[PDB]
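Protein chains in written order, with UniProt numbering: chain A, 1 to 189; chain B, 2 to 136; chain C, 2 to 198; chain D, 2 to 172.
Worksheet: one structure, shown below.
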Amino acid sequence: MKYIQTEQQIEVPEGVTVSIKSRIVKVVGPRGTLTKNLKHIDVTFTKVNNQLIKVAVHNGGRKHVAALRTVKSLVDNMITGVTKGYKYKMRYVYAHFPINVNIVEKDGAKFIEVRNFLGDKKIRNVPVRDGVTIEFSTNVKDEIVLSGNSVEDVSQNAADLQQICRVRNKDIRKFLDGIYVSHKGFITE
Amino acid sequence: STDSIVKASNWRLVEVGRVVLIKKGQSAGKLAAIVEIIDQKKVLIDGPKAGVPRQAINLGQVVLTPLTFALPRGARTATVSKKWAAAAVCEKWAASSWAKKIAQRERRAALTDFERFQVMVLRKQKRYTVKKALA
Amino acid sequence: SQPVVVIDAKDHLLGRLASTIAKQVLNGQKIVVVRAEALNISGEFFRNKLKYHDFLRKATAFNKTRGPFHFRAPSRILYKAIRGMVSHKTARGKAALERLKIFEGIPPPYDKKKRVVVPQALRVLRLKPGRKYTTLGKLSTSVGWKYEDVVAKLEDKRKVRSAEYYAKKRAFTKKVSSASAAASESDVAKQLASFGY
Amino acid sequence: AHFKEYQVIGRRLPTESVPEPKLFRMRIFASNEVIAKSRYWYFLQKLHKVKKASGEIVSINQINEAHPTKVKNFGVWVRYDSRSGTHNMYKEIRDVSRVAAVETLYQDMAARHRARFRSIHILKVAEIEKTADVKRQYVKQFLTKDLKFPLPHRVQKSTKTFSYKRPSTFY
RNA sequence: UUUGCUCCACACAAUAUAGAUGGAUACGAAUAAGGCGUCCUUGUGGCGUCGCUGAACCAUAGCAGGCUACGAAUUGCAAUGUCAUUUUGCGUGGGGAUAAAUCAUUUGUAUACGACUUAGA
RNA sequence: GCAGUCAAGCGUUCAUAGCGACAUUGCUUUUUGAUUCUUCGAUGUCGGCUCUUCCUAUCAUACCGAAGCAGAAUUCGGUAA
RNA sequence: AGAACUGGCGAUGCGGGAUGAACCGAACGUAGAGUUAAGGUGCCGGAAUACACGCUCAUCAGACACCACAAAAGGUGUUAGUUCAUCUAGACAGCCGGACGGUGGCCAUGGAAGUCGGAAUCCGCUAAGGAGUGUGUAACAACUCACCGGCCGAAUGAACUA
RNA sequence: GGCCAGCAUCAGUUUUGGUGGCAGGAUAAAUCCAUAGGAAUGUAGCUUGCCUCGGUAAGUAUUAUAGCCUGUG
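Shown next, in the form of structure tokens:
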């Protein structure tokens, strides 16, 4: 059935200003700043306070409304990343052959290369997205931490890593090697 | 923080008490007022002051007018005529550019050829002054 | 009503233009269609792509120079749709399809000439909001067009050369409105206002 | 169709063994007083041993709606023959008139179940006097204090075929 | 051998019309959003305002449009009632410029013949 | 000829990794058959050689998934001709 | 292939089904005006880019009976509906806390306190805590949760229909 | 004087509009007027944390500083 009004709401902790014009969100904060495009969705936005925002869809009918809460989370994730930030802690795993990871300035931007992935010689490189800072743990020297504001950049880069460090033509029930995420959190808490 | 520039749209929205203008029907052009709502696609109305009956109608046959006045849900003809006359809705309406243009069309259409010639004469005076002035 | 018509084709639907064009041009009106790379079409991109890849499939086997000439330009896709709607195999369809002049982007002659819009084909009015639509430039390019990156380099010069004109005209007419608004308080206008002007 | 509600009173033909045969009433929805009689004998011949030739129609009157300018929430019990077996349903309709409800029943049945006028029997039509025994959300959502909703995407119909400015959907 | 040729300037004649007898009147982009005016701490700014059709806008009077700074009837009650714009020629008079290709002959980087490629005062 | 659905069981335990009876639904016209519409004032009739093109129900090659896949080797499946 | 009743083709054009011996409509002198059939009105194509309630978005959509094909079984894709139900004496989703003691209840005794394992079944505490649902150390521990509570203040699972 | 066109007055067939008179129905139903009860998608009024004139909170309250439904005439 076609509803009448389905509205969600977005809290806004202080220090943040959320500018919308023609479904283009822009968020700012202590950590930084961010933008997003939502032309592909029919949705409204109102300002009842500087402390929160009210998002709304009209008749919709069970397809627009599932994107309503989605949008709500996206904006909320954005605010969260420009207030706190995101931290993705990946970890190495192997049996015999270590994985030798480093960062390298190629002709363009940074990359992160890994060697000795199961003795392979193919130096497999990965680009770093622009919104990402990147480091190695020091309490234990067999992790890596991606970090930034935009989760859809951080997590996509981590997945880009662990998708290429995947063994092929072997029993995966045995060759549980590579790298994998282990913790998702922030860089304020 | 800095004031959050947030703005989406400020619709005129179907509600109880809203005024509408009928575009296609026996009572075309004549104003009316919504009373209550039957479904998404149709409502009922009562314009007594202009000679409109108490109809149930779709929202394709009408137009939503911005102006609005207060009344209770499900009201009757006498009550609506009461409130319409209190708010002086036809006065709020004839003020606007909308009705002004409507009446203007209705008057341009009703012109004799004599009037249509008088206009041609008169505009050959106004433009003379205006072209003298923009010099 | 005008002798020649210039149709901006942005945000339009193809087959709902062409049924207006193919009748207005068969009844004697000269039409040009301009900015055809900005056309729109129902359906998702992959779907409307396959509906072209199942056209490229159709060529005369014993010699493909005899067979369906799969044109890759938007100006020619639209012309295909219209040629189908027209009895092009007679001297009436022929005579009509020479009343038509279709282009990508807006060349100079039709640059400084007014453009119009066919409302019974605008995707905005017609289509549901929430449906997916496909753009003809992306499509043509994906099926073997070549001159997309040119049209954008020319039409932008068109736009920045036009915006200055518009600003010039606006910053001319804002004073025409003031000097004719300063002249509307006489009997010549109080009398015309009763006639409806 | 342009349905009209009828009041059909019929009767078995009066024989010597009973020249006061007991009368039977039906409240029928039909486009006219010709098919009203047809449906009377249809439904009666489903319940009592009587035909047309073994009966007569005493009365066919019309039942015009009493408060047709009062919005009401009808509940409608119905049976319908599918492609494979019959079923019963219950559907709730918001409208001013007991017969407009039926127009918008036959249609939203012919769409949602592809059932024709021949595969549909209207058991019971009746208002829900109080707005608390409704059971359907597609009605209950219009039963809200101070309802107000917009029409976002307006489309102005053209008479002429060419327009000289891009149209605008704002309301 | 300015018999010839090429323009533009006008004088006629000639042939044809996929069909105008007020004007093809210019921003861009979005449409669950914009145009315009103003103020400005020039911002994805504040205020006001318009739409809800171009049914607009502009031009529009005068012998089928005139004399001077008045004539217009008697196409006799309707019979397109003649103007549009390409192509060709004729001559009139003011200019402006003064050649290549093909055949034949020839070469063979070529070839069934034609063709192609080359050379020749 | 090909494929599918139930799944009693096989499958060291483990219906369905793989297979899978009793039944049951279809597809194909590269088999054989039935039929006899066309052709009896004639459509040159087995196979091979040559040559091109098409189909997918893929033998191989490419990227993938799943196993009773440790590796190696194999099977099942997928996009794909 | 072969019979029954009727209507047709044959012997029959015409408008419609794109086309078609048989279907729908309808049967023919030559012509004019009007009205219709069957079929249709985006354009080809004469005629509403008409009005109305809804369904559907398909990486082989679907679209005029005869007719030029398509099934069994499935799908939480969506729409509508039927029958049960749990439950504001706070179910169900989601986190936070406890889950203990009589007692290792006996044997398989190379070792099973619950658990590589087979017979066997109850009290105390309480809000509740299996003489044990899982992980598993030779065994012990330590974890898991069904058993209960704090937030929670909403309603909700299950099957079926087309 | 003949052919061709135009207008009128008429005749046959037909199409398209404006308008009036009348009859019927539940002698339309309704709206409207009166009147008896009822309730909330609960109006005033009064309790009620602070406060925008009780704005909120949620109790009470059946026309009151809005109204509605039903029945009868």
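Beta carbons are placed, not taken as given, at the ideal position from N, Cα and C, and that holds for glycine.
Neighbours of B:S2 across chain A, judged by C-beta separation under 7 Å: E14, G15, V16, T17 and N50.
Taking 9 Å as the cut-off between beta carbons, the residues of the stretch 118-135 of chain B near chain C are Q119, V120, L123, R124, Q126, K127, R128, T130, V131, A134 and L135, in sequence order. Pairing A:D160 with A:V114 gives a Cβ-Cβ distance that is not under 8 Å. The residue among D:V35, D:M27 and D:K158 with its C-alpha nearest the C-alpha of D:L45 is D:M27. Here the stretch 6-15 of chain B makes contact with the stretch 17-26 of chain A; the two share three or more CB pairs at distances below 8 Å. Scanning chain C for C-beta atoms nearer than 7 Å to the C-beta of B:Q105 yields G197, reported in chain order. Here D:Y43 carries a helix assignment [DSSP, helix/strand/coil]. Along the stretch 73-94 of chain B, there is no position whose C-beta sits under 8 Å from a C-beta of chain A.
The beta carbon of D:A111 lies closer than 7 Å to those of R117 in the same chain, with the five residues before and after it left out.
Listed along chain B, the residues sitting closer than 8 Å to D:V97 by beta-carbon distance are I39, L45 and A57. The contact set of D:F150 on chain A, defined by CB atoms closer than 7 Å, consists of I4, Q5 and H58 in chain order. Per DSSP, reduced to three states, the secondary structure at C:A39 is helical. It is roughly 27 Å from the alpha-carbon of C:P120 to the alpha-carbon of C:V161. Taking a contact to require three or more Cβ pairs closer than 8 Å, the stretch 94-104 of chain C and the stretch 128-147 of chain C do not qualify as touching. For C:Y198, there is no enclosing beta strand (DSSP E), as DSSP gives it neither H nor E. Taking CB atoms only, D:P153 has a neighbour in chain B less than 8 Å away. The beta carbon of A:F97 sits closer than 6 Å to the beta carbons of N116, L118 and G119 from its chain, once the five residues preceding and following it are set aside; these are given in chain order.
Comparing alpha-carbon positions, the option among A:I10, A:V71, A:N157 and A:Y94 lying closest to A:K47 turns out to be A:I10. Within chain D, the C-beta atoms nearer than 8 Å to that of B:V15 come from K149, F150, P151 and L152, in chain order.
Taking the Cβ atoms as the reference, A:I164 lies roughly 12 Å from A:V101, outside the contact range of under 8 Å. The beta carbon of D:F25 is closer than 8 Å to those of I10, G11, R12, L45 and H49 in its chain, skipping five residues each way along the sequence. Counting of Cβ neighbours within 10 angstroms places C:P75 among the buried residues, the total reaching 16 or more. The C-alpha of B:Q41 is placed about 11 Å away from the C-alpha of B:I58.
Counting only the Cα atoms, A:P30 lies some 14 Å from A:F186. When secondary structure is reduced to three states using DSSP, D:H154 falls in the coil class, being assigned neither helix nor strand.
Proximity to A:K39 across C:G68, C:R132, C:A168 and C:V144 peaks at C:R132, based on C-alpha coordinates. In this structure, DSSP gives B:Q119 a helical state, which the three-state scheme calls helix. For D:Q138, the residues of chain A that pass the 8 Å Cβ criterion are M1, in the order they occur in the chain. When the beta-carbon positions are compared, D:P69 and D:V103 stay at least 8 Å from each other.
If you ignore the 5 residues before and after A:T188, its C-beta comes within less than 7 Å of the C-beta of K84 and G85, all in its own chain and listed in chain order. In this structure, B:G18 places its C-beta atom within 8 Å of the C-beta atom of B:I35.
In its chain, beyond the 5 residues on either side, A19, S20 and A23 have a beta carbon closer than 8 Å to the beta carbon of C:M86. Close CB contacts of D:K71 within its chain, under the 7 Å cut and outside five residues either way in sequence, are with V97 (chain order). Annotation: the stretch 24-67 of chain B contains the following complete segments of the beta strand (DSSP E) (minimum length 3 residues), in chain order: 32-38, 43-47 and 55-59. Fully contained in the stretch 68-131 of chain B is no beta strand (DSSP E) run of length 3 or more. Contacts with chain B (Cβ-Cβ distance below 8 Å) from the stretch 80-92 of chain A involve no residue at all.
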